[PDB]
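Trainee:
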RNA sequence: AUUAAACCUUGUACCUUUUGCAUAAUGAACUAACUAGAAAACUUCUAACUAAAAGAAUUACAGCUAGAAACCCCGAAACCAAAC
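Chains as they are written, first to last, in the authors' numbering: chain F, 45 to 121, 151 to 287; chain i, 32 to 124; chain g, 57 to 111; chain M, 9 to 47, 86 to 295; chain q, 25 to 121; chain X, 2 to 74; chain c, 31 to 107, 119 to 128; chain R, 15 to 50.
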């Protein structure tokens, strides 16, 4: 019984749906069990890598705080040395940030670095099984595993992923461009794809926020 | 000048450690969290510059207001004197 | 923003008309804006150079 | 899309491969070397809505035609941008778009043009003007926040004596106008254009179109002095007689 | 490695301790108590009856309404007086010119 | 470093600990309670709201006590 | 103390250059040194001269009596060039 | 950290000079340019 | 250049400053370290979105958001307060 998924939102008529092979981690040879459809406006966006470049700089430099300081002549018991703690925080436009994440998803899929999976459940929690399966499926040295929510993630995967430095497991809300670029291949659960699409596709329209959504 | 006659000790850096590997996670809390928490809320550092940025004078002024009631008398007086010199340069020259 | 409501007669009295059907089979497709409007914007630079941009 | 064909062939990109966009960053000058070495408030700030701007909203269905036009619905539909810090005090219309706006609907605007009133009435729409206090109007635009504060619905205010003549004027169609003159006034406007006056009573939705709230009443749905059970998604009505005296005061 | 649990803001009513020195004064005002009711309504537990003005507050409001806010009848009388003054001014101008 | 409690809270902390806590409650209440002296050289505002003539808007009002020096005599 | 590893490495190269000038290494034949292929060199040697040589005979000509003794001495722990030399 | 090599660059061309000129960077640099 | 280190031939030390000139005048025994351009209100450029834009407070009949782009050092005679 093939696992067939269709985009919940209306795909544009002039754009055909994107498709990929659904996989399962239950067995080594369970590479293909179904075929899924992906929204072209999410997984077939233009390859604008400068936005990805900007997002990476923003991600690294928005948390940057420098504590370097030097004393001037008036403070001596450097003419142009560091003066106290300095902040470099800045905010990119919300639409651009959403687009940057979209661009990253296309790059991984077009480059055969994205692996769509039905569920993360594993027959055993041994890290050896996970690494060997990655070798069998020719995955990259670093594999990123994403689940819908942190609370419900399978126990077996947590033990293996926690003990693996190059295989890192994150929740869906924790997904970011930096991790995707840092990790050679991305593993996404089917519910996560639907979760990601809704927020990205929700961005349509403006109805400018008169107040923060907190 | 004269230079070291020996090499510095070798340094080994792990690029896949938990800190580097997981750096940036949850930076999309706003978009992926319904915007309930703004990413500026994730800034960790001095209280007077969490979610805010400005020039040194603004940073110093904000620092004074935020912890002025908790500032030492010696520190507060020194900060006031430094601010006085800074104020004249920026606001008169 | 809700999608525009179906109208008995096009063009609309204001002048709005949805994209013509069938769509052209040309190599290049121009999609409408989120407001379902033509993506053409009049732009002026340097105060003397009139411009129009298709995005 | 031959561009996609390029993407598939290309190998996986890495963090180091990232490069700033051309011309993104300009050059900077530093003193390391010789290069930099050596050396009106009282007047209401009326905000207009054009008839042409009015027509497209109906055409796009941004505002429900069945529902009478309400300023809050325009705010909900993002028709106009109002800033309390700007302290906007008035709402009006733009004379432009008279011949591109063929529609009939009930509407209430703080200010309406005399010529515009007849044209929409000629189409069959119903137009009146009501006074919302600038503080009350700001509350009206944003109902949820004062519920969070816990404030109750207050009585709607009245215009100052400077603007009382405008609202009281029958031709202005203000809520302070004498209803007895409206039948006579409506006929006069029809004669001015000469169009045959369509009686509002004939309309099937006459009661819905002609319904008007009390001058004290901010909301047609909600009477003044009311409370809302936001947590329970319900409306709470005071049951204290003294509160009625408070409202009467 | 596995990422740490996502940061989450605590929901639900939270009552600051009045005795605590650190807590700001504005967080202990009745407006804050009214704020608690608005956020969660019945879950806050604030009695709705308290939200309405107290009788002493009511008397103050009534005085302000009468003192500063005229009624329709008072407004109408003022218009008549102004019209009479304007009418006299018009007559004075006509006879003078 | 920085003092977690401001200097003005130092007095409160001292009162809450040591012999000060052991002081009689009646005397402690007398010291703690502060009552405004009856105005003599200044007149407090009768009403809490007034209409500003320029804008014709009701605004909350505040009282400014005149500075008075009481010598030890 | 000046910090950095590149600067320290650079000085090491400076020391090596001085050491080489002060104490030149003892001469050694290219055969012992790495990246030497006798067969390739002979083929290149013949091609460079634009002349045809019998590889077996040419090797015998290069072979010397002294060379054999070293191999025999190593063996204890092959045709001479005399016939070709006379011709 | 390469200031030594900068001095060496002048020195290599000034090794054959005589006097304090050949050993003073202030003087050696001037002579090297004049020779060129 | 040269067979040849010197001979023959050619050539009025450097920085600053005076006129775009010094046979003026200042400064330098030499070695090593240290020792002097710092801010964005607006514009151009790079992009996001578009009668809208911006994650609250702003501007708007193509505007609006983000990013990048900038303005030294040492040295007086003095003046005042508080101690000694």
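Note that the Cβ used here is the ideal one computed from N, Cα and C, for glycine as well.
Figure out for me which residue from M:227, M:205 and M:234 has the closest Cα to the Cα of residue 89 of chain M.
Mentor: In the fourth chain, residue 89 of chain M corresponds to position 43, counting from 1. The shortest Cα separation from residue 89 of chain M among M:227, M:205 and M:234 belongs to M:205.
Trainee: Among X:32, X:20, X:55 and X:71, which residue has its Cα nearest to the Cα of residue 42 of chain X?
Mentor: Working through the sixth chain from its first residue, we reach residue 42 of chain X at position 41. Checked all of X:32, X:20, X:55 and X:71; the closest Cα to residue 42 of chain X is X:71.
Trainee: Three-state secondary structure (DSSP) at residue 58 of chain F?
Mentor: For the purposes of this step, residue 58 of chain F is identified with residue 14 of the first chain, where counting begins at 1. Reduced to three states, the DSSP call for residue 58 of chain F is coil.
Trainee: Is it true that the CB of residue 45 of chain q sits closer than 8 Å to the CB of residue 6 of chain X?
Mentor: Reading the sixth chain from its first residue, position 5 is the one you call residue 6 of chain X. Reading the fifth chain from its first residue, position 21 is the one you call residue 45 of chain q. In contact: residue 6 of chain X and residue 45 of chain q (Cβ atoms closer than 8 Å).
Trainee: How is the beta strand (DSSP E) around residue 241 of chain F delimited, first residue to last?
Mentor: Stepping through the first chain from its first residue, residue 241 of chain F is reached at position 168. For residue 241 of chain F, the enclosing beta strand (DSSP E) covers residues 240 to 244.
Trainee: Thinking C-alpha only, which one of c:81, c:125, c:41 and c:42 is nearest residue 95 of chain c?
Mentor: Looking up residue 95 of chain c in the seventh chain gives position 65. Out of c:81, c:125, c:41 and c:42, c:125 has the C-alpha closest to the C-alpha of residue 95 of chain c.
Trainee: Return the residue from the list q:118, q:65 and q:34 that minimises the CA-CA distance to residue 195 of chain M.
Mentor: Mapped onto the fourth chain, residue 195 of chain M falls at position 149. Out of q:118, q:65 and q:34, q:65 has the C-alpha closest to the C-alpha of residue 195 of chain M.
Trainee: Opposite residue 88 of chain q in the DSSP bridges: which residues?
Mentor: As a position in the fifth chain, residue 88 of chain q is number 64, starting the count at 1. According to DSSP, which records beta bridges pairwise, residue 88 of chain q is partnered with nothing at all.
Trainee: Which residues in the same chain have their Cβ closer than 8 Å to the Cβ of residue 274 of chain F, if we skip the five residues on either side of it in sequence?
Mentor: For the purposes of this step, residue 274 of chain F is identified with residue 201 of the first chain, where counting begins at 1. The answer, listed in chain order, is 53, 83, 85 and 86.
Trainee: What residues in the stretch 82 to 100 of chain q bring their beta carbon closer than 7 Å to a beta carbon of chain X?
Mentor: The residues in question are 88 and 92.
Trainee: At a Cβ cut of 9 Å, what residues of the stretch 11 to 27 of chain M count as close to chain F, listed as they run along the chain?
Mentor: 11, 12, 14, 15, 16, 18, 19, 20, 21, 22, 23, 25, 26 and 27
Trainee: I need the boundaries of the beta strand (DSSP E) containing residue 60 of chain X, first residue and last residue.
Mentor: Position 59 of the sixth chain, counting from 1, holds the residue named residue 60 of chain X. Segment 59 to 61, the beta strand (DSSP E) holding residue 60 of chain X.
Trainee: Taking the continuous beta strand (DSSP E) assigned at residue 281 of chain M, which residues delimit it?
Mentor: Numbered from its first residue, the fourth chain carries residue 281 of chain M at position 235. Per DSSP, residue 281 of chain M belongs to the beta strand (DSSP E) from 280 to 282.
Trainee: Out of curiosity, what's the CA-to-CA distance linking residue 71 of chain q and residue 217 of chain M?
Mentor: One-based indexing of the fifth chain puts residue 71 of chain q at position 47. One-based indexing of the fourth chain puts residue 217 of chain M at position 171. Approximately 48 Å, taken between the alpha carbons.
Trainee: One question on the structure: do residue 87 of chain i and residue 173 of chain F come within less than 8 Å of each other, judged by their Cβ atoms?
Mentor: Against the second chain, residue 87 of chain i aligns to sequence position 56. Against the first chain, residue 173 of chain F aligns to sequence position 100. In this structure, residue 173 of chain F does not lie closer than 8 Å to residue 87 of chain i by Cβ.
Trainee: Would residue 78 of chain i pass as an interface residue toward chain q - the criterion being a Cβ-Cβ separation below 8 Å?
Mentor: For the purposes of this step, residue 78 of chain i is taken as residue 47 along the second chain, with counting starting at 1. It does not; no Cβ of chain q falls within 8 Å.
Trainee: Leaving out the 5 sequence neighbours to the left and right, which residues in its chain are closer than 8 Å to residue 82 of chain i when beta-carbon positions are compared?
Mentor: On the second chain, residue 82 of chain i is found 51 positions in, with the first residue counted as 1. Excluding residues within five positions, the ones whose Cβ falls inside 8 Å are 69, 71, 72 and 74.
Trainee: Quick check: the Cα distance between residue 99 of chain q and residue 207 of chain M, rounded to an integer number of angstroms?
Mentor: On the fifth chain, position 75 is the one that residue 99 of chain q refers to. On the fourth chain, position 161 is the one that residue 207 of chain M refers to. Cα to Cα, residue 99 of chain q sits roughly 7 Å from residue 207 of chain M.
Trainee: Would you identify the three-state DSSP class for residue 241 of chain M, choosing helix, strand or coil?
Mentor: Taking the fourth chain and counting its residues from 1, the one referred to as residue 241 of chain M is at position 195. Three-state result, residue 241 of chain M: coil.
Trainee: Opposite residue 65 of chain F in the DSSP bridges: which residues?
Mentor: Here the question's residue 65 of chain F lines up with position 21 in the first chain. DSSP, once it has assigned bridges, lists F:79 as partnering residue 65 of chain F.
Trainee: How many Å lie between residue 39 of chain M and residue 121 of chain i at the Cα?
Mentor: Here residue 39 of chain M corresponds to residue number 31 of the fourth chain, with the count starting at 1. Here residue 121 of chain i corresponds to residue number 90 of the second chain, with the count starting at 1. The straight-line gap from Cα to Cα measures roughly 21 Å.
Trainee: Going along the chain, which residues of its own chain have a beta-carbon closer than 7 Å to the beta-carbon of residue 64 of chain X, five neighbours each way excluded?
Mentor: In the sixth chain, counting from the first residue as 1, residue 64 of chain X sits at position 63. Answer for residue 64 of chain X: 45 and 46, listed in chain order.
Trainee: Anything in the stretch 44 to 78 of chain i with a Cβ closer than 8 Å to a Cβ of chain q? List those residues in chain order, please.
Mentor: 49, 52, 53, 56, 57, 60, 64, 67, 68 and 73
Trainee: Tell me whether the stretch 245 to 262 of chain F and the stretch 179 to 197 of chain F touch, counting them as touching only if at least three CB pairs, one residue from each stretch, are closer than 8 Å.
Mentor: yes
Trainee: Kindly indicate which three-state DSSP category residue 105 of chain F falls into: helix, strand or coil?
Mentor: Sequence index remark: in the first chain, residue 105 of chain F carries index 61 (1-based). Three-state DSSP puts residue 105 of chain F in a helix.
Trainee: Are the stretch 173 to 185 of chain M and the stretch 28 to 46 of chain q touching, with three or more C-beta to C-beta distances below 8 Å?
Mentor: no
Trainee: Drop a sphere of 10 angstroms on the beta-carbon of residue 95 of chain q, count the other beta-carbons inside from all chains shown, and report buried for 16 or more, exposed for fewer.
Mentor: Stepping through the fifth chain from its first residue, residue 95 of chain q is reached at position 71. Its Cβ having fewer than 16 others within 10 Å, residue 95 of chain q is exposed.
Trainee: Quick check: what's the CA-CA separation for residue 256 of chain F versus residue 221 of chain F?
Mentor: Numbered from 1 along the first chain, position 183 holds the residue referred to as residue 256 of chain F. Numbered from 1 along the first chain, position 148 holds the residue referred to as residue 221 of chain F. The straight-line gap separating the alpha-carbon atoms of residue 256 of chain F and residue 221 of chain F is approximately 19 Å.
Trainee: In chain F, which residues lie less than 9 Å from residue 116 of chain g when you measure between Cβ atoms?
Mentor: For chain g, the structure presents residues 57 to 111; residue 116 of chain g sits outside this window and is missing.
Trainee: With distances taken Cα to Cα, identify the nearest neighbour of residue 77 of chain g among g:66, g:111, g:96 and g:98.
Mentor: For this step, residue 77 of chain g is matched to residue 21 along the third chain. Residue g:66 is the option with its Cα nearest to residue 77 of chain g.
Trainee: So is residue 43 of chain c in contact with chain i if we call contact Cβ pairs under 8 Å?
Mentor: Taking the first residue of the seventh chain as 1, we reach residue 43 of chain c at position 13. Answer no: the Cβ-Cβ gap between residue 43 of chain c and chain i never drops below 8 Å.
Trainee: Given a limit of 9 Å on CB to CB distance, which residues of the stretch 101 to 119 of chain q reach chain X?
Mentor: none
Trainee: Using a Cβ distance threshold of 8 Å, determine whether the stretch 151 to 162 of chain M contacts the stretch 102 to 117 of chain M, with at least three qualifying pairs required.
Mentor: yes
Trainee: Using a beta-carbon distance below 8 Å, is residue 253 of chain F in contact with chain M?
Mentor: Position 180 of the first chain, counting from 1, holds the residue named residue 253 of chain F. By this cut-off, residue 253 of chain F is not an interface position.
Trainee: State yes or no: is the C-beta of residue 170 of chain M within less than 8 Å of the C-beta of residue 244 of chain M?
Mentor: The count along the fourth chain starts at 1 and reaches residue 170 of chain M at position 124. The count along the fourth chain starts at 1 and reaches residue 244 of chain M at position 198. A contact, by the Cβ cut-off of 8 Å.
Trainee: Give a yes or no on whether the minimum CB-CB distance between residue 184 of chain F and chain M is below 8 Å.
Mentor: The residue labelled residue 184 of chain F in the question sits at position 111 within the first chain. Closer than 8 Å: yes.
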